[PDB]
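A.B. asks: The structure is given below, and queries will be raised subsequently.
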Amino acid sequence: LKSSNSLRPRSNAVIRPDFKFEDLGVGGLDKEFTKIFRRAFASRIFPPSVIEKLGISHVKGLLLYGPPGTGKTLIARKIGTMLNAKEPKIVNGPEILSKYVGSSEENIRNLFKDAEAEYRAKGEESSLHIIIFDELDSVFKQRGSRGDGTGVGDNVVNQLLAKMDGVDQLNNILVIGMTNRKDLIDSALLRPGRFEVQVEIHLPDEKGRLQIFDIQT
Amino acid sequence: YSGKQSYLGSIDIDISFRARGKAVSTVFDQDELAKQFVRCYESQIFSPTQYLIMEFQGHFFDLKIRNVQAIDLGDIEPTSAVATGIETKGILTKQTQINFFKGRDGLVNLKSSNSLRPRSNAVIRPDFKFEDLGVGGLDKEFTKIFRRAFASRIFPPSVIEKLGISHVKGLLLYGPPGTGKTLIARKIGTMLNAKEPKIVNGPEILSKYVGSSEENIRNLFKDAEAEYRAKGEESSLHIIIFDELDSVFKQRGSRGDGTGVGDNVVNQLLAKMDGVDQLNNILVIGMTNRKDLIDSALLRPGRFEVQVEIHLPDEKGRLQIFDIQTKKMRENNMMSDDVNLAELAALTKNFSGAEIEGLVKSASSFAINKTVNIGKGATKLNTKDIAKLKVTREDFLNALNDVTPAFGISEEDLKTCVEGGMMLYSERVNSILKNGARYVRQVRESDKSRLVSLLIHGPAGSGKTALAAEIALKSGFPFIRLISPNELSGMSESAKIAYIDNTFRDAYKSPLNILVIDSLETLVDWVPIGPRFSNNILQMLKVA
Amino acid sequence: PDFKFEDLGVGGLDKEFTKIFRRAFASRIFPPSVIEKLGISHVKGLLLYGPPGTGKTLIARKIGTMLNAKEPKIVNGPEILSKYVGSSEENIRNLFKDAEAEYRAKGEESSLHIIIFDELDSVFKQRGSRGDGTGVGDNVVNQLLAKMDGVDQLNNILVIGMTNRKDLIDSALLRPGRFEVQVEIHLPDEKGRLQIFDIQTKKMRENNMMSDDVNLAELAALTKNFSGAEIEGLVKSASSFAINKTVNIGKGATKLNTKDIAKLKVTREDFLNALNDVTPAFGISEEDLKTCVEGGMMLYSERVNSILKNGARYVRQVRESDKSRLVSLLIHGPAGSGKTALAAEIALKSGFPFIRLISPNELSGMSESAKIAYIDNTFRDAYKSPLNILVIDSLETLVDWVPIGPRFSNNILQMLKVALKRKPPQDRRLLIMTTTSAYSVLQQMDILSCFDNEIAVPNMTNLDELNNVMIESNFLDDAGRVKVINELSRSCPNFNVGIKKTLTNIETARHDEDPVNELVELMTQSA
Amino acid sequence: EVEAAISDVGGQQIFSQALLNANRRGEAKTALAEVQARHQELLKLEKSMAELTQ
Ligand SMILES: Nc1ncnc2c1ncn2[C@@H]1O[C@H](COP(=O)(O)OP(=O)(O)OP(=O)(O)O)[C@@H](O)[C@H]1O
Ligand SMILES: Nc1ncnc2c1ncn2[C@@H]1O[C@H](COP(=O)(O)OP(=O)(O)OP(=O)(O)O)[C@@H](O)[C@H]1O
Ligand SMILES: Nc1ncnc2c1ncn2[C@@H]1O[C@H](COP(=O)(O)OP(=O)(O)OP(=O)(O)O)[C@@H](O)[C@H]1O
Ligand SMILES: Nc1ncnc2c1ncn2[C@@H]1O[C@H](COP(=O)(O)OP(=O)(O)OP(=O)(O)O)[C@@H](O)[C@H]1O
Ligand SMILES: Nc1ncnc2c1ncn2[C@@H]1O[C@H](COP(=O)(O)OP(=O)(O)O)[C@@H](O)[C@H]1O
């Protein structure tokens, strides 16, 4: 298709305004949904003409944390597979570490090149790419704190820092993380430009509890 | 046709040799060539790309005018842009600054002969300004960096040779996260008319097979040496930028890995930056957040000579950053007229250089959300709505609730300490606050009185800490900090010592500082039954 | 024959040249016939080592000029290793082929071949080690040793090793017959510092490029702590300050005053700014002393004068006699009278080659064992130079005395007590100056037996001395300085303050209300 | 009196590097270095059969 003179929304839109919060099936948590959809996805529905006139890059990070057994993985999974984007590249927690002297860090480098190349090829009409870190808090610990006689705690963190926001720009991916304890992640991962929006997910309210019963049965 | 620009000011000519089997090795004097060109060909009209047959002592040439400058009579300086368009023409005069560069064939042994002129490919691009970089604040460090590093490459080479000196070949930038230490590397890479930078991410060198890691770190200089051996000094600069150095180049001698790779890469780099052989045309950049783990040897002069610190901006810089970020928005008439940037700069006390951008993003996000209303009220998108979008001041006020500082985390304690409010039920309080203000002023004005200490004492429950907080808050100093038992709870003793030591140490950065200590008695573990209490913390404080 | 040692740029290191020449090349000057009749073997292994930035690489590069025939081969440590199995081991035993062949053919006539490993420590780590990766890092060193010890009569090879850190290397290279002589190359002296200036500044001097104003001797004097590397760095900083006056980088475009280029010249102030830019890792920074005395000496009374002469007597005493190899003194008085500064005055006036101070500030924050270690480090270090001045500040604080228990750390006290009674090794003399403020406590611990002589420093009491200090401070006008003292005479004639407090009051009153009503008031409340 | 001071023992990790077969030698080893002389032969077939087709 082609963008007519009239400013109509994107041809291959992501969110599809025939969309509803009750489609997800997550009861209880409601305001947080409002926040996440406001801050992150809003920039990608309006025409590129204005948004480029607005000279702002989309947010490229999401963090979810809370007690065990609250619904984090549910959020991640749902967001994964009711959008219009390529299949996410799932990775469990300690999947990256590898044997040979330079295999783990190559493994981090493996995750992004597809978006990189496709971005070079086309540009602002790229399809969105999604990659999910499950359980961030195993390997990405504070630098210089663990003795780490085995030097993997620093090479991994540095590789990810360099490549998520480095000398070369890239603005068509979305990385989302889950954890139980945000107090031990390295501090440089939690500045604007990397994992901007952080959300706590708490125990449910009574009315939320009613909602959950409604969903399940 | 031209109106005013009727003379040829400065003419750069690619002097190819006519016939390449005739290549005469004798030195060709640009002065003789210019004089012959003017003498034989005077008061002619020339345009760019006019080709000419120049017979000088029987050695013909194919002169091509690459570019022409057109100047009007009366111009003391040639501020007119050298125009590459064929439309521009001029009339040759006896004053034409005739520059010859070698032809496309490069066969001509042209010489500078007292030609106090820009060097052939002077990298820094003679007309160039800091405002065009697009970096707010840090208006002093550019002076240090450009003065020390690139000041010596511009100047003509023969005189530099007379000095008998070699160029610097190192540059390092370090600081806390988010201060803007990556933007500089990028724009320096992109704006300087050099070869393309050879970017390397931090742990991208290492490799599986034994002896492949080191091989990689010596492939980076290969082009440089290849070029240097051929063309010598007239090389154009090569730049290679290391990102995030401390990943691999730790202090050798630790037990880092158990294999012994880090030592080898350190060794190779060390040998190659200075080495036995001379390069004299290379420049390496670095970025990092911790300056203390780099192996000491790197820091000796000859390698990473100039070291620059990048710290948090002040208020003026904050204003500049708002000026740069919210640039296109204003000139595209998308901005309400109500916002005044000075107040924004005032509000954002401890904001870093990377946080303002998120503020802009959030403010815009509110604006756009008002229209779309994701979810319930869908499909309202229409031309009318999007045709009059403008951000408003209250959007930013709302936005302040989402973005939060990272360094301004201890002053929050201070503002909440006086949540109970303040009341002036007695004259006394006014006297006390006035006296404190007097002292604050005094430390502000003086130069030689660099340390002043006060004490507040009275019966328990008398409301002491709040009074100190109010004294502190009204000073307006850049740096304020508070140490209270709430912070130290749960720690181990050595950790307490470390923490207090660090607090004092980073209290030595800003010109003006205010530091508050709450309930000394509880800090030292006073219980009267023994009495017992911890000597070490006491001694540390007493020293400090 | 066409050589003399003067003609090359290595400054300062002359003695080392004599030692190396006498150890390495002397034996091969003569015809061979003597040496076998002399029953002495040639040295084969050489080690040069020193801290980063001493100039060694310049020696390794240049020596090939003096040393006739053709060219020492050069390699970098990490170049040797290789991907293929067996290749790395081959590579080392490929270097020795040529000389071997030629020698094997010609007998003793063989031209001397030299090989130099720059950056030796890359791969020759101690072979009796573990980590149990692929064992290449062992095979390599073994190979060299086989070719180096059982040379099978190859007597025309000198291998030279360059390093920054001796310790890493296998002890199995450090033995007779293999790397015999180890030459340490340490920081230059003042004279060598001057030669380094000479050699670095040659060209720029001939070409009339430095203003005659500059005088190298004083620059050399100032730069107390610099390796050659920093010296050329300073040179280029000074030159840059010179160059940047015509070309205004950033502001505007490139504005070159073509005329002033011919008149370009460096000057002294440029060199001072250049000094202000660079900073050595030499690190001792004994300028500590001067910041201690930054409040200065105004000599307000005779007591200070007498004390200073006594200090002069002692410094002469330790300098002259040979049987007095150790003297200790104690300086005691009321708190805040000002004691540390006076000792610092003595020390700085002394002008011995060697000084340091110990103060709680640098000690702050370590654990006890680290304190103990540091203290030991400093004493042992002090014993080297012939004449040494050392100062101990606020002993009571170093020992952590608090009167509640009273509690304090015994071990440090014992260490100090033992240290103060140590006569140094042969033919060194030492002067140790300790200050305190709590004399009675020292009496009662009963360590007062380790001090040869003691000096009291009473604080000031007479209004005249106040008048002296305040005229020195230029507090007020003349009439002001008179009226205040006249008023103080009757306000409170009996008077006992100190000195530090007086300065503090003077400044506070200077700003706030330099009439009587503040300065005199504070002085009265204090007194 | 006493407390902690040095402890651990059962706990360590190791990476692992790797060399390669020698025969590997330079890439030119069968169907690599022979392609130089095998090409002259193939140019011979081309020619002799150019004679054939002409
Ligand atoms: N708010 C919710 N709405 C609907 N279902 C929920 C909610 N919270 C939890 N659940 C149910 O709980 C199940 C498990 O949730 P989830 O796996 O996200 O827990 P978790 O937070 O991932 O636990 P852990 O942190 O231990 O992995 C889901 O399959 C989902 O059906
Ligand atoms: N003058 C400025 N100072 C700081 N940040 C700026 C400035 N101008 C623009 N920015 C924006 O703020 C960000 C600063 O982050 P930068 O790219 O320097 O990473 P960084 O500060 O080096 O973080 P890290 O040190 O953790 O890599 C930039 O990405 C840029 O978009
Ligand atoms: N002069 C004052 N006028 C009115 N309110 C005051 C005044 N001083 C303190 N307050 C209020 O009273 C409370 C003071 O309690 P705070 O704990 O600071 O007193 P404190 O004696 O320092 O504490 P503690 O009881 O632990 O010694 C605060 O809520 C503060 O708002
Ligand atoms: N004549 C003087 N005698 C002593 N100190 C003087 C004199 N003139 C100026 N001063 C300065 O007065 C200050 C007081 O001395 P100093 O700061 O060493 O105090 P102090 O008594 O050693 O302190 P403490 O009791 O903590 O040991 C110093 O800056 C010192 O140089
Ligand atoms: N007399 C001198 N003493 C020390 N350094 C000198 C002297 N003359 C010149 N230099 C310069 O100092 C540098 C010495 O580097 P060097 O100390 O050899 O590095 P490394 O110690 O890592 O081998 C060289 O660049 C050299 O040109």
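All residue names refer to the structure tokens as shown: chains lettered A, B, ... in order, residues numbered from 1 in each chain, ligands numbered from 1 in order.
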Give me the residues within 10 Å of region 6-22 of chain D as number ranges by chain, counting only C-alpha atoms and dropping any in the same chain fewer than 6 places off.

C.D. replies: A: 98-102, 148-151; B: 207-211, 257-259; C: 82-87, 131-134, 136

A.B. asks: Export, as an mmCIF file, in the first residue's frame, the selected residues with N, CA, C and O atoms.

C.D. replies:
```cif
data_model
loop_
_atom_site.group_PDB
_atom_site.id
_atom_site.type_symbol
_atom_site.label_atom_id
_atom_site.label_comp_id
_atom_site.auth_asym_id
_atom_site.auth_seq_id
_atom_site.Cartn_x
_atom_site.Cartn_y
_atom_site.Cartn_z
ATOM 1 N N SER A 98 29.088 -20.566 27.737
ATOM 2 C CA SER A 98 29.487 -21.590 26.790
ATOM 3 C C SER A 98 30.889 -22.033 27.161
ATOM 4 O O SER A 98 31.569 -21.375 27.952
ATOM 5 N N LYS A 99 31.351 -23.135 26.577
ATOM 6 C CA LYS A 99 32.685 -23.564 26.966
ATOM 7 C C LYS A 99 33.801 -22.673 26.477
ATOM 8 O O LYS A 99 34.428 -21.980 27.285
ATOM 9 N N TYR A 100 34.093 -22.707 25.189
ATOM 10 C CA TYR A 100 35.421 -22.329 24.766
ATOM 11 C C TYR A 100 35.642 -20.851 25.043
ATOM 12 O O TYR A 100 34.712 -20.107 25.357
ATOM 13 N N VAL A 101 36.904 -20.440 24.948
ATOM 14 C CA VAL A 101 37.330 -19.182 25.558
ATOM 15 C C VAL A 101 36.507 -18.011 25.037
ATOM 16 O O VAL A 101 36.355 -16.995 25.722
ATOM 17 N N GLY A 102 35.970 -18.126 23.829
ATOM 18 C CA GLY A 102 35.176 -17.052 23.275
ATOM 19 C C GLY A 102 33.835 -17.455 22.709
ATOM 20 O O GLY A 102 33.434 -16.927 21.669
ATOM 21 N N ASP A 148 34.864 -13.568 41.381
ATOM 22 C CA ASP A 148 34.783 -14.160 40.043
ATOM 23 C C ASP A 148 36.151 -14.575 39.520
ATOM 24 O O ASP A 148 36.629 -14.099 38.491
ATOM 25 N N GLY A 149 36.794 -15.464 40.271
ATOM 26 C CA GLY A 149 38.042 -16.037 39.803
ATOM 27 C C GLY A 149 37.901 -16.595 38.405
ATOM 28 O O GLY A 149 38.879 -16.697 37.667
ATOM 29 N N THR A 150 36.688 -16.999 38.043
ATOM 30 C CA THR A 150 36.324 -17.330 36.676
ATOM 31 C C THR A 150 35.712 -16.081 36.057
ATOM 32 O O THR A 150 34.587 -15.697 36.394
ATOM 33 N N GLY A 151 36.467 -15.421 35.185
ATOM 34 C CA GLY A 151 36.035 -14.158 34.625
ATOM 35 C C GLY A 151 34.951 -14.170 33.568
ATOM 36 O O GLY A 151 35.213 -13.806 32.419
ATOM 37 N N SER B 207 39.300 -15.198 21.108
ATOM 38 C CA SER B 207 38.950 -16.195 20.112
ATOM 39 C C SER B 207 39.353 -17.575 20.600
ATOM 40 O O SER B 207 40.252 -17.731 21.430
ATOM 41 N N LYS B 208 38.696 -18.582 20.039
ATOM 42 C CA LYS B 208 38.848 -19.954 20.495
ATOM 43 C C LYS B 208 40.269 -20.480 20.403
ATOM 44 O O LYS B 208 40.889 -20.791 21.423
ATOM 45 N N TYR B 209 40.793 -20.588 19.193
ATOM 46 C CA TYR B 209 42.040 -21.305 19.008
ATOM 47 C C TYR B 209 43.181 -20.529 19.631
ATOM 48 O O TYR B 209 43.194 -19.298 19.606
ATOM 49 N N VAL B 210 44.129 -21.256 20.216
ATOM 50 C CA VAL B 210 45.286 -20.604 20.801
ATOM 51 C C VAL B 210 46.023 -19.836 19.718
ATOM 52 O O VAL B 210 46.320 -20.367 18.641
ATOM 53 N N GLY B 211 46.305 -18.572 19.996
ATOM 54 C CA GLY B 211 47.046 -17.733 19.085
ATOM 55 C C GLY B 211 46.233 -17.013 18.042
ATOM 56 O O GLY B 211 46.820 -16.379 17.159
ATOM 57 N N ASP B 257 41.746 -15.496 34.965
ATOM 58 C CA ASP B 257 41.125 -16.479 34.088
ATOM 59 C C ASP B 257 41.544 -17.909 34.381
ATOM 60 O O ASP B 257 40.712 -18.814 34.325
ATOM 61 N N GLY B 258 42.810 -18.135 34.701
ATOM 62 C CA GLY B 258 43.359 -19.470 34.787
ATOM 63 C C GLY B 258 43.949 -20.001 33.500
ATOM 64 O O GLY B 258 44.446 -21.133 33.491
ATOM 65 N N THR B 259 43.907 -19.229 32.416
ATOM 66 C CA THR B 259 44.492 -19.619 31.139
ATOM 67 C C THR B 259 45.699 -18.772 30.772
ATOM 68 O O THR B 259 46.721 -19.309 30.338
ATOM 69 N N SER C 82 51.584 -20.015 18.044
ATOM 70 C CA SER C 82 51.033 -20.277 16.721
ATOM 71 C C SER C 82 49.904 -21.293 16.814
ATOM 72 O O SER C 82 49.770 -22.017 17.801
ATOM 73 N N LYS C 83 49.095 -21.342 15.753
ATOM 74 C CA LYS C 83 47.872 -22.142 15.774
ATOM 75 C C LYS C 83 48.157 -23.627 15.639
ATOM 76 O O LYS C 83 47.522 -24.451 16.297
ATOM 77 N N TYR C 84 49.016 -23.992 14.701
ATOM 78 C CA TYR C 84 49.156 -25.395 14.359
ATOM 79 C C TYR C 84 49.856 -26.100 15.510
ATOM 80 O O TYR C 84 50.709 -25.520 16.183
ATOM 81 N N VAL C 85 49.515 -27.363 15.736
ATOM 82 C CA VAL C 85 50.266 -28.134 16.715
ATOM 83 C C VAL C 85 51.700 -28.264 16.228
ATOM 84 O O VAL C 85 51.951 -28.548 15.051
ATOM 85 N N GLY C 86 52.649 -28.006 17.121
ATOM 86 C CA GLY C 86 54.053 -28.151 16.819
ATOM 87 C C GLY C 86 54.704 -26.952 16.174
ATOM 88 O O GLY C 86 55.933 -26.842 16.215
ATOM 89 N N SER C 87 53.931 -26.036 15.596
ATOM 90 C CA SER C 87 54.528 -24.887 14.926
ATOM 91 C C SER C 87 55.204 -23.959 15.919
ATOM 92 O O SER C 87 56.311 -23.457 15.672
ATOM 93 N N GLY C 131 47.346 -25.260 36.144
ATOM 94 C CA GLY C 131 46.224 -24.635 35.482
ATOM 95 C C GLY C 131 45.748 -25.604 34.427
ATOM 96 O O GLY C 131 44.571 -25.630 34.057
ATOM 97 N N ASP C 132 46.691 -26.412 33.941
ATOM 98 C CA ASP C 132 46.406 -27.659 33.245
ATOM 99 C C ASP C 132 45.548 -27.455 32.002
ATOM 100 O O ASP C 132 44.748 -28.321 31.640
ATOM 101 N N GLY C 133 45.699 -26.311 31.343
ATOM 102 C CA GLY C 133 45.184 -26.163 29.999
ATOM 103 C C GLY C 133 46.062 -26.934 29.035
ATOM 104 O O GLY C 133 46.761 -27.867 29.444
ATOM 105 N N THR C 134 46.044 -26.574 27.757
ATOM 106 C CA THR C 134 46.950 -27.217 26.816
ATOM 107 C C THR C 134 48.382 -26.822 27.159
ATOM 108 O O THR C 134 48.676 -25.646 27.389
ATOM 109 N N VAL C 136 51.143 -26.197 25.822
ATOM 110 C CA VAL C 136 52.071 -25.514 24.925
ATOM 111 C C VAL C 136 52.969 -24.572 25.711
ATOM 112 O O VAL C 136 54.190 -24.555 25.517
#
```

A.B. asks: Please identify every residue of chain B that has at least one atom no farther than 8 Å from an atom of ligand 5, counting only C-alpha atoms and all ligand atoms, and for each give the shortest atom pair and the distance in Å to one decimal, arranged by chain then increasing number, as CSV.

C.D. replies:
```
residue,atom,partner,partner_atom_place_in_ligand_line,distance
B:270,CA,ligand 5,22 (O),7.6
B:274,CA,ligand 5,25 (O),7.3
B:275,CA,ligand 5,23 (O),8.0
B:297,CA,ligand 5,22 (O),6.9
B:302,CA,ligand 5,25 (O),6.6
```

A.B. asks: Counting only C-alpha atoms, what is within 9 Å of region 160-166 of chain A, bar same-chain residues fewer than 5 positions away, as a count of residues only?

C.D. replies: 15

A.B. asks: For ligand 4, return the neighbouring residues as a PyMOL selection string (distance at most 9 Å; only C-alpha atoms and all ligand atoms).

C.D. replies: chain C and resi 291-301+304+333-342+344-345+393-394+435-437+459+469+498-503

A.B. asks: Run DSSP on the backbone of this structure and report the residues of region 129-306 of chain B it assigns to alpha helix (DSSP H), as JSON, numbers by chain.

C.D. replies: {"B": [141, 142, 143, 144, 145, 146, 147, 148, 151, 152, 153, 154, 157, 158, 159, 160, 161, 162, 163, 183, 184, 185, 186, 187, 188, 189, 190, 213, 214, 215, 216, 217, 222, 223, 224, 225, 226, 227, 228, 229, 230, 231, 261, 262, 263, 264, 265, 266, 267, 268, 269, 270, 271, 272, 273]}

A.B. asks: Can I get the residues close to ligand 2 as a short mmCIF file (atom, residue, chain, number, x, y, z; two decimals) with N, CA, C and O atoms, in the first residue's frame, where close means within 8 Å and we count only C-alpha atoms and all ligand atoms?

C.D. replies:
```cif
data_model
loop_
_atom_site.label_atom_id
_atom_site.label_comp_id
_atom_site.auth_asym_id
_atom_site.auth_seq_id
_atom_site.Cartn_x
_atom_site.Cartn_y
_atom_site.Cartn_z
N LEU A 161 26.28 -4.38 27.64
CA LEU A 161 26.29 -2.93 27.72
C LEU A 161 26.71 -2.30 26.42
O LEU A 161 26.05 -1.39 25.92
N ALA A 162 27.81 -2.79 25.84
CA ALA A 162 28.28 -2.21 24.61
C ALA A 162 27.24 -2.33 23.52
O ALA A 162 27.02 -1.39 22.76
N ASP A 165 23.49 -0.31 23.64
CA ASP A 165 23.57 1.11 23.32
C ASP A 165 25.04 1.41 23.07
O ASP A 165 25.79 1.67 24.02
N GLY A 166 25.44 1.39 21.80
CA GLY A 166 26.83 1.53 21.46
C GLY A 166 27.08 2.60 20.43
O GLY A 166 26.27 3.52 20.25
N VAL A 167 28.20 2.48 19.73
CA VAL A 167 28.60 3.52 18.79
C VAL A 167 27.68 3.54 17.59
O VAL A 167 27.58 4.56 16.90
N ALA A 188 24.43 0.22 35.80
CA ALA A 188 24.49 0.85 34.50
C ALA A 188 23.42 0.33 33.55
O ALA A 188 23.21 0.93 32.49
N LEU A 189 22.73 -0.74 33.92
CA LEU A 189 21.66 -1.29 33.11
C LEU A 189 20.33 -0.64 33.37
O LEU A 189 19.34 -0.99 32.72
N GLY A 193 17.68 4.90 28.38
CA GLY A 193 18.40 4.35 27.25
C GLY A 193 18.56 2.85 27.30
O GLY A 193 18.82 2.23 26.27
N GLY B 134 26.77 19.75 18.61
CA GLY B 134 25.51 19.38 19.21
C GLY B 134 25.62 18.83 20.61
O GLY B 134 24.77 18.03 21.01
N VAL B 135 26.65 19.22 21.36
CA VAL B 135 26.85 18.75 22.72
C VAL B 135 26.71 19.94 23.65
O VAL B 135 27.51 20.88 23.59
N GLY B 136 25.71 19.89 24.52
CA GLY B 136 25.51 20.95 25.47
C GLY B 136 26.41 20.76 26.68
O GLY B 136 26.78 19.64 27.03
N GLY B 137 26.77 21.87 27.30
CA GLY B 137 27.70 21.83 28.41
C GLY B 137 29.08 21.41 27.95
O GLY B 137 29.37 21.28 26.76
N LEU B 138 29.94 21.18 28.94
CA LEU B 138 31.30 20.71 28.72
C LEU B 138 32.04 21.57 27.70
O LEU B 138 32.73 21.08 26.82
N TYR B 174 36.64 9.05 30.84
CA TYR B 174 36.10 8.24 31.92
C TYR B 174 35.15 9.07 32.76
O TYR B 174 35.30 10.28 32.87
N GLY B 175 34.19 8.40 33.38
CA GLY B 175 33.21 9.06 34.21
C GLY B 175 32.09 8.13 34.63
O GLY B 175 32.08 6.94 34.31
N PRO B 176 31.14 8.66 35.38
CA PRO B 176 29.98 7.87 35.77
C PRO B 176 29.03 7.68 34.61
O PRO B 176 29.10 8.43 33.63
N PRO B 177 28.10 6.74 34.71
CA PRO B 177 27.28 6.39 33.54
C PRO B 177 26.43 7.55 33.08
O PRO B 177 26.00 8.39 33.87
N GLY B 178 26.21 7.62 31.77
CA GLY B 178 25.19 8.49 31.23
C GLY B 178 25.58 9.94 31.07
O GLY B 178 24.71 10.77 30.78
N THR B 179 26.86 10.28 31.24
CA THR B 179 27.26 11.68 31.20
C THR B 179 27.51 12.18 29.79
O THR B 179 27.70 13.39 29.61
N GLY B 180 27.53 11.31 28.79
CA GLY B 180 27.72 11.72 27.42
C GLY B 180 29.10 11.40 26.89
O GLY B 180 29.60 12.11 26.02
N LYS B 181 29.70 10.32 27.36
CA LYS B 181 31.07 10.00 26.99
C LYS B 181 31.15 9.13 25.75
O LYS B 181 32.25 8.81 25.31
N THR B 182 30.02 8.75 25.17
CA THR B 182 30.00 8.01 23.93
C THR B 182 29.67 8.89 22.75
O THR B 182 30.15 8.64 21.64
N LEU B 183 28.88 9.95 22.97
CA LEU B 183 28.54 10.86 21.90
C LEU B 183 29.78 11.48 21.28
O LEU B 183 29.90 11.59 20.05
N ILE B 184 30.73 11.88 22.13
CA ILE B 184 31.93 12.53 21.65
C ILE B 184 32.70 11.63 20.71
O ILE B 184 33.12 12.06 19.63
N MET B 287 36.90 4.49 26.31
CA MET B 287 35.81 4.82 27.22
C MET B 287 35.77 3.78 28.32
O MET B 287 36.05 2.60 28.09
N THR B 288 35.41 4.22 29.52
CA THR B 288 35.29 3.31 30.65
C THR B 288 34.63 4.05 31.81
O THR B 288 34.50 5.27 31.80
N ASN B 289 34.21 3.27 32.81
CA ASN B 289 33.62 3.81 34.01
C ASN B 289 34.50 3.67 35.24
O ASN B 289 34.20 4.28 36.26
N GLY B 317 24.78 24.01 31.82
CA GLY B 317 24.76 22.87 30.94
C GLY B 317 23.36 22.31 30.80
O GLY B 317 22.95 21.92 29.71
N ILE B 321 21.40 21.65 27.38
CA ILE B 321 20.87 20.36 26.95
C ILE B 321 19.41 20.50 26.56
O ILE B 321 18.98 19.98 25.52
N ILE B 324 19.36 21.94 23.16
CA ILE B 324 19.70 21.06 22.04
C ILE B 324 18.60 20.04 21.80
O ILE B 324 18.19 19.82 20.65
N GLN B 325 18.11 19.38 22.86
CA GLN B 325 17.13 18.31 22.68
C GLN B 325 15.85 18.82 22.03
O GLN B 325 15.37 18.26 21.04
N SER B 352 21.14 13.94 35.30
CA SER B 352 22.32 13.71 34.48
C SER B 352 22.00 14.06 33.04
O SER B 352 20.85 14.36 32.67
N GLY B 353 23.01 13.98 32.18
CA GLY B 353 22.83 14.33 30.78
C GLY B 353 22.01 13.33 30.00
O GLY B 353 21.50 13.67 28.93
N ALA B 354 21.88 12.11 30.50
CA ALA B 354 21.11 11.09 29.82
C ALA B 354 19.67 11.02 30.28
O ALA B 354 18.87 10.32 29.65
N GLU B 355 19.30 11.75 31.32
CA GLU B 355 17.95 11.68 31.85
C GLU B 355 17.00 12.68 31.21
O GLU B 355 15.80 12.41 31.12
N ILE B 356 17.53 13.81 30.76
CA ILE B 356 16.69 14.85 30.17
C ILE B 356 15.94 14.29 28.97
O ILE B 356 14.80 14.67 28.68
N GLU B 357 16.58 13.38 28.26
CA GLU B 357 16.01 12.85 27.04
C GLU B 357 14.76 12.04 27.36
O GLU B 357 13.72 12.16 26.70
#
```
